[PDB]
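Dropping run-v4.txt in here (compact mmCIF, C-alpha atoms):
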```txt
# COMPACT_ATOMS: atom_id res chain seq x y z
CA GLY G 1 0.00 0.00 0.00
CA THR G 2 1.24 3.46 -0.91
CA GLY G 3 0.11 4.94 2.40
CA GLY G 4 0.42 8.47 1.05
CA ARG G 5 4.22 8.28 1.19
CA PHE G 6 7.08 9.75 -0.82
CA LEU G 7 8.92 7.90 -3.56
CA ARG G 8 12.42 6.99 -2.38
CA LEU G 9 15.00 5.02 -4.32
CA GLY G 10 16.69 2.64 -1.92
CA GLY G 11 20.19 1.93 -3.16
CA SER G 12 21.88 2.36 0.22
CA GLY G 13 20.87 -0.63 2.32
CA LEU G 14 17.14 -0.43 1.59
CA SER G 15 15.29 -3.36 0.03
CA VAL G 16 12.24 -2.84 -2.15
CA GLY G 17 8.99 -2.04 -0.38
CA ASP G 18 10.84 -0.68 2.65
CA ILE G 19 8.99 1.93 4.70
CA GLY G 20 9.89 4.25 7.54
CA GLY G 21 10.33 7.95 8.02
CA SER G 22 7.94 10.20 9.90
CA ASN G 23 5.89 13.27 9.07
CA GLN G 24 5.98 14.25 12.76
CA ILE G 25 9.42 15.39 13.94
CA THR G 26 10.63 15.82 17.52
CA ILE G 27 13.57 18.08 18.35
CA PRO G 28 16.06 16.13 20.49
CA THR G 29 17.72 17.74 23.48
CA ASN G 30 21.19 17.80 21.90
CA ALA G 31 19.77 19.51 18.80
CA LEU G 32 19.02 22.75 20.65
CA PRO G 33 21.26 25.58 19.39
CA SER G 34 23.37 27.43 21.93
CA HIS G 35 21.73 30.61 23.19
CA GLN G 36 22.01 33.04 26.10
CA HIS G 37 19.10 34.56 27.99
CA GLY G 38 19.25 38.08 29.38
CA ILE G 39 18.51 38.73 33.04
CA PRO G 40 16.59 41.98 33.60
CA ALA G 41 17.52 44.73 36.01
CA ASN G 42 17.07 43.76 39.66
CA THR G 43 16.84 45.66 42.92
CA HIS G 44 16.30 44.60 46.53
CA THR G 45 16.89 45.58 50.14
CA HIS G 46 17.29 43.56 53.32
CA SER G 47 15.53 44.58 56.51
CA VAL G 48 17.76 44.82 59.58
CA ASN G 49 16.84 43.46 63.01
CA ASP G 50 18.44 44.66 66.24
CA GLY G 51 17.17 44.86 69.80
CA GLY G 52 19.86 47.30 70.86
CA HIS G 53 23.31 47.37 72.40
CA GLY G 54 24.60 48.77 75.66
CA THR E 1 13.43 4.90 -16.70
CA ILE E 2 10.65 2.75 -15.25
CA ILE E 3 9.85 1.91 -11.65
CA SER E 4 9.18 -1.58 -10.36
CA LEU E 5 8.37 -3.34 -7.09
CA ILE E 6 10.57 -6.28 -8.12
CA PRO E 7 11.90 -8.29 -5.16
CA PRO E 8 15.64 -9.02 -5.30
CA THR E 9 14.85 -12.68 -5.99
CA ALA E 10 12.94 -11.90 -9.19
CA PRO E 11 14.92 -11.45 -12.42
CA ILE E 12 15.57 -8.10 -14.06
CA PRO E 13 13.27 -7.37 -17.04
CA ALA E 14 14.95 -7.91 -20.39
CA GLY E 15 16.33 -4.81 -22.07
CA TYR E 16 16.62 -2.90 -18.78
CA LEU E 17 19.67 -1.83 -16.78
CA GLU E 18 19.34 -1.75 -12.99
CA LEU E 19 20.48 1.43 -11.27
CA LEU E 20 22.24 1.01 -7.93
CA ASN E 21 23.29 3.15 -4.97
CA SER E 22 26.65 3.91 -6.60
CA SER E 23 27.17 5.29 -10.10
CA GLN E 24 28.14 2.46 -12.44
CA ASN E 25 30.13 2.18 -15.66
CA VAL E 26 28.94 0.24 -18.70
CA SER E 27 30.44 -0.59 -22.08
CA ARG E 28 29.86 1.91 -24.87
CA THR E 29 29.45 -0.68 -27.64
CA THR E 30 26.49 -2.30 -25.93
CA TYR E 31 23.63 -0.06 -24.82
CA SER E 32 24.52 1.97 -27.90
CA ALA E 33 21.21 3.83 -28.02
CA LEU E 34 21.45 4.58 -24.30
CA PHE E 35 24.97 5.93 -24.78
CA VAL E 36 24.13 8.12 -27.77
CA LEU E 37 21.18 9.48 -25.79
CA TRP E 38 23.37 10.07 -22.72
CA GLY E 39 27.05 10.01 -23.63
CA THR E 40 29.28 10.97 -20.72
CA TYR E 41 26.52 12.95 -19.00
CA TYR E 42 26.58 10.90 -15.78
CA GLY E 43 30.19 9.68 -15.89
CA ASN E 44 32.80 8.75 -18.47
CA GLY E 45 33.96 5.34 -17.22
CA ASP E 46 37.29 4.48 -18.81
CA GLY E 47 36.74 7.36 -21.26
CA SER E 48 36.98 5.20 -24.39
CA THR E 49 35.09 1.90 -24.04
CA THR E 50 32.73 2.70 -21.15
CA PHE E 51 30.49 5.47 -19.85
CA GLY E 52 28.95 6.32 -16.50
CA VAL E 53 25.34 5.83 -15.40
CA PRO E 54 24.15 7.65 -12.26
CA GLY E 55 23.64 5.97 -8.91
CA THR E 56 20.74 6.42 -6.50
CA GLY E 57 21.91 5.98 -2.92
CA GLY E 58 18.90 6.09 -0.62
CA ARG E 59 17.74 9.19 -2.49
CA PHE E 60 14.20 10.46 -2.92
CA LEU E 61 12.32 10.94 -6.19
CA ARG E 62 11.94 14.61 -7.05
CA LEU E 63 10.59 16.22 -10.21
CA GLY E 64 12.49 18.80 -12.22
CA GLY E 65 12.05 22.53 -12.59
CA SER E 66 12.84 25.62 -10.53
CA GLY E 67 16.16 25.92 -12.34
CA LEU E 68 17.18 22.38 -11.37
CA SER E 69 18.68 20.37 -14.21
CA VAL E 70 18.02 16.67 -14.67
CA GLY E 71 20.30 14.32 -12.77
CA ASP E 72 21.11 16.84 -10.05
CA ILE E 73 21.94 15.89 -6.47
CA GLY E 74 21.66 17.35 -3.00
CA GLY E 75 19.81 17.35 0.28
CA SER E 76 20.48 15.73 3.63
CA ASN E 77 18.55 13.70 6.18
CA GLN E 78 20.56 15.31 9.01
CA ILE E 79 19.41 18.79 10.04
CA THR E 80 21.06 21.30 12.37
CA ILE E 81 18.80 24.07 13.64
CA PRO E 82 20.60 27.36 12.96
CA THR E 83 21.07 29.47 16.06
CA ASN E 84 19.28 32.29 14.24
CA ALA E 85 16.12 30.15 13.99
CA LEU E 86 14.95 29.35 17.51
CA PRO E 87 11.58 29.87 19.24
CA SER E 88 11.71 33.01 21.35
CA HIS E 89 11.30 32.07 25.00
CA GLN E 90 12.14 33.07 28.56
CA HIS E 91 12.89 30.80 31.49
CA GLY E 92 11.54 31.37 34.95
CA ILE E 93 13.95 32.01 37.81
CA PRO E 94 13.41 29.84 40.91
CA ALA E 95 12.57 31.52 44.19
CA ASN E 96 15.69 32.11 46.26
CA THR E 97 16.87 33.78 49.45
CA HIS E 98 20.21 35.29 50.45
CA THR E 99 21.65 37.16 53.42
CA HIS E 100 24.74 39.33 53.79
CA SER E 101 27.14 39.07 56.71
CA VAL E 102 27.88 42.28 58.59
CA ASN E 103 31.33 43.86 58.93
CA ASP E 104 30.66 45.75 62.16
CA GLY E 105 33.83 45.87 64.24
CA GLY E 106 33.05 48.18 67.13
CA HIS E 107 32.20 51.80 67.86
CA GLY E 108 32.41 54.11 70.84
```

Produce structure tokens that represent the structure in this file.
Amino acid sequence: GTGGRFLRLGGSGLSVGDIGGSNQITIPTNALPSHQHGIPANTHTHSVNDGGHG
Amino acid sequence: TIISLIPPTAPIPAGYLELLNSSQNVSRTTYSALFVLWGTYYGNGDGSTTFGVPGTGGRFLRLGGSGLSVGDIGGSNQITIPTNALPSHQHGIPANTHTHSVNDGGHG
């Protein structure tokens, strides 16, 4: 059955009638290109606790 | 060319040359019509007594046009996503907590 597939000559280790391939593709983890995210401007303070000192 | 679902056990049809993964070389005297129609367009073989016929290694069938000549080659099953093409995204930053030690010494 054709199965709505593409016509592929199979010289390299592919007998006649061989199937395979996939219309759905999944990006593997190692395929992700290198990229760098920017961290926005930040600002904070710390409250200070003290009962006193003699 | 013609296409066939012939299993490897079955014999090749008479008057037909089987294309393989690798480009082959065939005698010029025989397949005389094929040679005069092709010549050394897909290989020259020995250059005098043979000529080259193209090979199809795992390749897909694609029609001509768009400036592409017959018998051209190209493509790849392996793809690398260019760093330019990448879905725009932002990661969240996990909740954290830090304190700073105090350099107080002493005062009077």

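Between CA of residue 82 in chain E and CA of residue 10 in chain G lies a distance of 29.1 Å.
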
Test item: chain E residues at most 7 Å from chain G, counting all atoms listed in the file, as an mmCIF file with C-alpha atoms, in the frame of the given file:
```cif
data_model
loop_
_atom_site.group_PDB
_atom_site.id
_atom_site.type_symbol
_atom_site.label_atom_id
_atom_site.label_comp_id
_atom_site.auth_asym_id
_atom_site.auth_seq_id
_atom_site.Cartn_x
_atom_site.Cartn_y
_atom_site.Cartn_z
ATOM 1 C CA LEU E 5 8.370 -3.340 -7.090
ATOM 2 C CA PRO E 7 11.900 -8.290 -5.160
ATOM 3 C CA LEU E 20 22.240 1.010 -7.930
ATOM 4 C CA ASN E 21 23.290 3.150 -4.970
ATOM 5 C CA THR E 56 20.740 6.420 -6.500
ATOM 6 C CA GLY E 57 21.910 5.980 -2.920
ATOM 7 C CA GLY E 58 18.900 6.090 -0.620
ATOM 8 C CA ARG E 59 17.740 9.190 -2.490
ATOM 9 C CA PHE E 60 14.200 10.460 -2.920
ATOM 10 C CA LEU E 61 12.320 10.940 -6.190
ATOM 11 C CA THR E 80 21.060 21.300 12.370
ATOM 12 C CA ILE E 81 18.800 24.070 13.640
ATOM 13 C CA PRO E 82 20.600 27.360 12.960
ATOM 14 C CA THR E 83 21.070 29.470 16.060
#
```

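Rounded to one decimal, CA of residue 84 in chain E and CA of residue 22 in chain G lie 25.2 Å from each other.
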
_Selection: 6 Å around range 24-41 of chain E, only C-alpha atoms, excl. self and same-chain fewer than 6 positions, as a list in words_ =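 Here the qualifying residues turn out to be residues 49, 50, 51, 52 and 53 of chain E.
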
*What does the distance from CA of residue 75 in chain E to CA of residue 45 in chain E come to in Å, to one decimal?*
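Straight-line distance from CA of residue 75 in chain E to CA of residue 45 in chain E works out to 25.5 Å.
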
*asked:* So, with all atoms listed in the file as the atoms that count, which of G:40, G:19, G:50, G:45 lies closest to residue 1 in chain G?
replied: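 That would be G:19, the residue with the smallest distance to residue 1 in chain G.
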
Missing atoms in range 18-46 of chain G: fill them in up to N, CA and C atoms and send the result as an mmCIF file, in the frame of the given file.
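part22.cif written:
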```cif
data_model
loop_
_atom_site.group_PDB
_atom_site.id
_atom_site.type_symbol
_atom_site.label_atom_id
_atom_site.label_comp_id
_atom_site.auth_asym_id
_atom_site.auth_seq_id
_atom_site.Cartn_x
_atom_site.Cartn_y
_atom_site.Cartn_z
ATOM 1 N N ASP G 18 10.507 -1.155 1.319
ATOM 2 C CA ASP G 18 10.840 -0.680 2.650
ATOM 3 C C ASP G 18 10.098 0.620 2.951
ATOM 4 N N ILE G 19 9.684 0.757 4.206
ATOM 5 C CA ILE G 19 8.990 1.930 4.700
ATOM 6 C C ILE G 19 9.786 2.507 5.863
ATOM 7 N N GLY G 20 9.254 3.564 6.444
ATOM 8 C CA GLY G 20 9.890 4.250 7.540
ATOM 9 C C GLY G 20 9.601 5.724 7.462
ATOM 10 N N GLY G 21 10.514 6.518 8.004
ATOM 11 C CA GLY G 21 10.330 7.950 8.020
ATOM 12 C C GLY G 21 9.224 8.360 8.973
ATOM 13 N N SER G 22 8.969 9.664 9.010
ATOM 14 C CA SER G 22 7.940 10.200 9.900
ATOM 15 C C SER G 22 7.610 11.616 9.484
ATOM 16 N N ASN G 23 6.317 11.903 9.355
ATOM 17 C CA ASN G 23 5.890 13.270 9.070
ATOM 18 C C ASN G 23 5.954 14.141 10.317
ATOM 19 N N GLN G 24 5.833 13.540 11.498
ATOM 20 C CA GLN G 24 5.980 14.250 12.760
ATOM 21 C C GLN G 24 7.438 14.176 13.189
ATOM 22 N N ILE G 25 8.015 15.318 13.550
ATOM 23 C CA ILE G 25 9.420 15.390 13.940
ATOM 24 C C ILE G 25 9.513 15.976 15.343
ATOM 25 N N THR G 26 10.423 15.423 16.139
ATOM 26 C CA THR G 26 10.630 15.820 17.520
ATOM 27 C C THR G 26 12.063 16.292 17.686
ATOM 28 N N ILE G 27 12.235 17.523 18.155
ATOM 29 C CA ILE G 27 13.570 18.080 18.350
ATOM 30 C C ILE G 27 14.222 17.393 19.541
ATOM 31 N N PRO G 28 15.365 16.739 19.357
ATOM 32 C CA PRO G 28 16.060 16.130 20.490
ATOM 33 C C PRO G 28 16.751 17.192 21.334
ATOM 34 N N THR G 29 17.108 16.797 22.556
ATOM 35 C CA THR G 29 17.720 17.740 23.480
ATOM 36 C C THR G 29 19.058 18.255 22.955
ATOM 37 N N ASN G 30 19.886 17.371 22.395
ATOM 38 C CA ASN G 30 21.190 17.800 21.900
ATOM 39 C C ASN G 30 21.089 18.633 20.633
ATOM 40 N N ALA G 31 19.913 18.724 20.018
ATOM 41 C CA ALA G 31 19.770 19.510 18.800
ATOM 42 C C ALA G 31 19.574 20.990 19.072
ATOM 43 N N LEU G 32 19.307 21.367 20.311
ATOM 44 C CA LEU G 32 19.020 22.750 20.650
ATOM 45 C C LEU G 32 20.229 23.639 20.409
ATOM 46 N N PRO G 33 20.118 24.687 19.599
ATOM 47 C CA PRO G 33 21.260 25.580 19.390
ATOM 48 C C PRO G 33 21.618 26.326 20.669
ATOM 49 N N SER G 34 22.898 26.666 20.784
ATOM 50 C CA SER G 34 23.370 27.430 21.930
ATOM 51 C C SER G 34 22.766 28.829 21.912
ATOM 52 N N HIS G 35 22.291 29.279 23.071
ATOM 53 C CA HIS G 35 21.730 30.610 23.190
ATOM 54 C C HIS G 35 21.890 31.091 24.626
ATOM 55 N N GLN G 36 21.802 32.407 24.802
ATOM 56 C CA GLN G 36 22.010 33.040 26.100
ATOM 57 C C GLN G 36 20.817 33.930 26.409
ATOM 58 N N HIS G 37 20.216 33.726 27.573
ATOM 59 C CA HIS G 37 19.100 34.560 27.990
ATOM 60 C C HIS G 37 19.607 35.747 28.801
ATOM 61 N N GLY G 38 18.917 36.875 28.653
ATOM 62 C CA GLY G 38 19.250 38.080 29.380
ATOM 63 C C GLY G 38 18.465 38.154 30.677
ATOM 64 N N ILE G 39 19.152 38.545 31.742
ATOM 65 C CA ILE G 39 18.510 38.730 33.040
ATOM 66 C C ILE G 39 18.191 40.204 33.209
ATOM 67 N N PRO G 40 16.951 40.563 33.525
ATOM 68 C CA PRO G 40 16.590 41.980 33.600
ATOM 69 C C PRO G 40 17.222 42.652 34.809
ATOM 70 N N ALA G 41 17.022 43.965 34.880
ATOM 71 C CA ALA G 41 17.520 44.730 36.010
ATOM 72 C C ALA G 41 16.813 44.296 37.291
ATOM 73 N N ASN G 42 17.573 44.235 38.379
ATOM 74 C CA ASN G 42 17.070 43.760 39.660
ATOM 75 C C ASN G 42 17.423 44.766 40.738
ATOM 76 N N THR G 43 16.669 44.712 41.832
ATOM 77 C CA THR G 43 16.840 45.660 42.920
ATOM 78 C C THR G 43 16.160 45.096 44.161
ATOM 79 N N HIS G 44 16.855 45.140 45.294
ATOM 80 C CA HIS G 44 16.300 44.600 46.530
ATOM 81 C C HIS G 44 16.994 45.248 47.716
ATOM 82 N N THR G 45 16.329 45.168 48.865
ATOM 83 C CA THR G 45 16.890 45.580 50.140
ATOM 84 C C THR G 45 16.638 44.485 51.164
ATOM 85 N N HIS G 46 17.459 44.472 52.205
ATOM 86 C CA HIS G 46 17.290 43.560 53.320
ATOM 87 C C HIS G 46 16.936 44.359 54.567
#
```
